Structure formats: structure tokens, C-alpha cells
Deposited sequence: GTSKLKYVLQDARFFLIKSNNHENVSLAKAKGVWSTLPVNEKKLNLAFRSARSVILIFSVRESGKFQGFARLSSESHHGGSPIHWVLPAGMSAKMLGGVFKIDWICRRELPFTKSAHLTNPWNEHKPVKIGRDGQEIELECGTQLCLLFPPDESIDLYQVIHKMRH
């Protein structure tokens, strides 16, 4: 079901992450981390302290889909085991995946983001914040990922 998911998404903040390649998203999925440019790092750190959940929604450029979404579990940190991104980067955020399944853009055509001029939510620069109701509904469109137990994620928050 979707009830724990809705609980996790309650009063969350949402950010679009655009990746130039699948290899980086695959790495993020395996390793539970993300790194972004300083401008977005600052926004994410601010958002992590401000909200019960901060959700990253991932899209690989030119793929025509979202590849999943994850919750920030920490602020960014520096000096750790170097991640071999296929690329100046900020620190590393730990993340917990909520959904590692794909969603085609064809399925989110009805969702517009008030924070990017009410353009379809698929449209946006890396780090674009997604407004609460748009973001919530977007996460709810994804196929449920039955490999993830959200109890574990709830126990952080």
C-alpha cells in the first residue's frame, strides 16, 4: 500500500535532481549517497534542517523518465571515501531510497510545478524545488517499490 509512503511525504520538501548519465544514478542507488554542485548543496543543507523529510526526485537527462526518489538522511559531508562519479562537487549527502523504480514523463504530464512557472514537473534545472502538492502527487505516481521497507525510513525521522 501507500499509507507509510504518504506518512513519509507529509510536509516534506522536494527537489528535482537532473543527472547527465545513468552511471551516477546507479551509483547513488547502490551506495546511498548523492553529491551536487555547491549552489544546490547549500539549498539542500538549508532544506534538511527545515523539514521533516527532504525528498530528491531523480531524472537522467534525455531518458524521458524519472528513475526514483530518495530521502536525505544527513547534511553534506567532506573527506569520505571518494565516489567515482562520471562528471568542483560539494560534499556527499547520505540518502535512503524510497523508490528505485522508473516513471515515464508521459505519466506525469498532468503535474505542473508552481515554483517553475507551472511548467510540467519533468522540466527543471538540477536542484529545482518542487512545490509540496506537486511533489507529493509525483512521488505517488511511481510504481511502489516492494523491495524497500519504509518502516526503516520512518525510524530516522
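Gaps without C-alpha coordinates occur at 88 to 94, 165 to 166, with positions taken along the deposited sequence from 1.
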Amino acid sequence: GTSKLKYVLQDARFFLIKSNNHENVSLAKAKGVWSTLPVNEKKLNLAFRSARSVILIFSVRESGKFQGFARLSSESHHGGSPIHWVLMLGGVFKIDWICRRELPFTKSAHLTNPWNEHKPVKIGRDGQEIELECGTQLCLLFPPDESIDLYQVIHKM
From here on, numbers count along this sequence of modelled residues.
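So that the term is clear: the rigid core is the largest set of C-alpha atoms that superpose within 1.5 Å between two forms.
The higher RMS C-alpha distance to the shown form in 8 other deposited structures of this protein, out of 89 to 97 and 42 to 50, belongs to 89 to 97, with every structure fitted on the core. RMS Cα deviation from the shown model in 8 other deposited structures of this protein, rigid core fit, is larger for 33 to 41 than for the other stretch of the pair 33 to 41 / 65 to 73. Of the two segments examined, 35 to 43 and 115 to 123, it is 35 to 43 that shows the higher average Cα temperature factor in the deposited entry. Between 129 to 137 and 5 to 13, it is 5 to 13 that carries the larger average Cα temperature factor according to the deposited entry. Among all modelled residues in this chain, the alpha-carbon of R100 has a temperature factor (C-alpha) in the lowest third.
Split the chain's modelled residues into thirds by C-alpha temperature factor. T106 is in the highest one. Sort the modelled residues of the chain by CA B factor and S53 lands in the middle third. When the modelled residues of the chain are ordered by C-alpha B-factor, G90 sits in the highest third.
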